[PDB]
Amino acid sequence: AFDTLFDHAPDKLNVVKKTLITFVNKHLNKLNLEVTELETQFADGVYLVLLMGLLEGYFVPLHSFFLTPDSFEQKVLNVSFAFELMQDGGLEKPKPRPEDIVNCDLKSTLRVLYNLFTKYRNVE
């Protein structure tokens, strides 16, 4: 379904990417964080964790994840934890493996972000 928005409407795909860009900045700019590139800036799991707290109304204690991950393994653990926060919030288990996000798979990244956008687009 989303895969058709991805592959066989590449100017719709670019339209979705700018929508997701505007959505994540609405929230992350509150922490003085700016997103300009969806292909890489969610790969280490940090902004996904911060975004979930901004969207669902909680702080994530810094001992619960790796704010500055120093290995592929810590980035995978961050993304897995963000996936757990997503399920806590009512989303079904995300389809991509956490390593797919860390590896900057654009489709996996956009699928996860799009499901957040579908759910939380009206949060202020």
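Take the two forms, superpose them, and find the largest set of C-alpha atoms that agree within 1.5 Å; that set is the rigid core. Residue numbers run from 1 along the displayed sequence.
Put simply, when the other structures in 7 other deposited structures of this protein are lined up on the rigid core, the C-alpha atoms of 8-16 lie farther off than those of the other stretch, from 8-16 and 109-117.
Superposing each structure in 7 other deposited structures of this protein on the rigid core shows that the farther-lying of 90-98 and 58-66, by root-mean-square Cα distance, is 58-66. The mean Cα B-factor in the deposited entry runs higher for 12-20 than for the other of 12-20 and 100-108. Checked against the record, the higher mean CA B factor of 24-32 and 76-84 lies with 24-32. Note on the listed residues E56, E92, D70, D44: the highest Cα temperature factor in the record is that of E92.
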